[PDB]
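So this first bit is one chain, no partners, the form deposited in one PDB entry, shown in structure tokens.
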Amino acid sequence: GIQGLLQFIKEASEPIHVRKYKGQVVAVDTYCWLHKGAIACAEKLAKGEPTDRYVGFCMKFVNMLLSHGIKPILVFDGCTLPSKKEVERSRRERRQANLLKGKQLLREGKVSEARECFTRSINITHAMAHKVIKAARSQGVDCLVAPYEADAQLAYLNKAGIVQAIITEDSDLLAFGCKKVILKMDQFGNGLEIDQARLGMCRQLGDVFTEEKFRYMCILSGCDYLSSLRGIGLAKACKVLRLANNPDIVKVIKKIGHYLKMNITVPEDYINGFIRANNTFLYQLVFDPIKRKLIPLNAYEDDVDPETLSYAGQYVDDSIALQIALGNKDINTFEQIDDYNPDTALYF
């Protein structure tokens, strides 16, 4: 996510209860629940010892939403995004490192720290996610496996008007241009909501409350697709966008040092990386549940060439995309591991 974004725009936030959305549809970034539930059994997950606790943990929240008359759509991550491979590598390295370290501390004698290491080695696999999918489907809850990041999928579901709000712990969804996002929701329904249109309640943002400029700010501050320049965070990026009054962003990015009264040399590849990051936020592939078709998050504008956007996710056949979305197709082996059919009585 965008580090400290929630704190930066805290004025646009509002404490709520999910009963606000009774008789409505809400999409869920299920990974958060999955992780929080996986914490309660980190050791057994690390050792490979069998446990299905995260399932019950997620189903608690699901049953809560269902109890408050909410129609929940559980969304899951799919294939790895090429423009996110660095962060994936780092995360993986941290995971195996902390795993081995914990395994060592188990032999040393210190379990209190070994457990804490096992917490950092949490690896949420597609199998666990599929268990959760099984449970949710047994409780009549619609599930959707994103072709890539669940973030973009949720953003699409919200923009398309399929869902009214998004439940997540990740502030990336705001950069994607979600309308309504519910952060920090507990097991009872208490949560914090940020509306896009209410970003203007943040005086600190200045005139950076439009989707495009807000996105630019989030990218410049540092995201999962492009690391920020050293010494650059939300405040300075927002300052850059505030002080500058130019339509073309590239020139401003080239004058970032000028706008911040600093000596900031911008590498040539950083501009290209910014273009790539922007295009990743705008055009990352998602799955249209209605038309059952792979589409970019936003329709391609005239100023972009879709053939250069491989990093935003590659296209596959719509039937394969469908089988992935249903969770029937294994992400890694591309083999069919289930036979769920929505026609045999979200997908029309």
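Don't overthink the numbering: it's just position in the shown sequence, from 1. For clarity, a rigid core is taken as the largest C-alpha set superposing within 1.5 Å between two forms.
Missing coordinates between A345 and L346 amount to 4 to 9 residues of the deposited sequence.
Looking at 186-194 and 268-276 together, the entry lists the larger mean B-factor for 268-276, computed on C-alpha atoms. Comparing 166-174 with 130-138, the stretch with the higher mean C-alpha B-factor in the PDB entry is 130-138. Across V87, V208, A146, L220, the greatest Cα temperature factor reported in the deposited entry is at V87.
Highest CA B-factor among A114, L81, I73, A152, as stated in the entry: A114. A235: CA B factor in the middle third of modelled residues in this chain (values from the PDB entry). For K159, the recorded CA B-factor ranks within the lowest third of the chain. Only modelled residues enter the ranking.
When all modelled residues of the chain are sorted by CA temperature factor, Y225 is found within the middle third. Per the PDB record, residue ranking by Cα B-factor puts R94 in the highest third of the chain. The PDB entry assigns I253 a C-alpha temperature factor belonging to the middle third of its chain's modelled residues.
Not on display, but discussed next: the form deposited in another entry.
Only one of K254, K85, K131, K184 has its Cα shifted by 2 Å or more between the shown form and the other one after fitting on the core, and that residue is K85. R107: CA moves 2 Å or more between the shown form and the other one after rigid-core fitting. Residue displacement note: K159 has its CA displaced by under 2 Å between the shown form and the other one (rigid core superposed).
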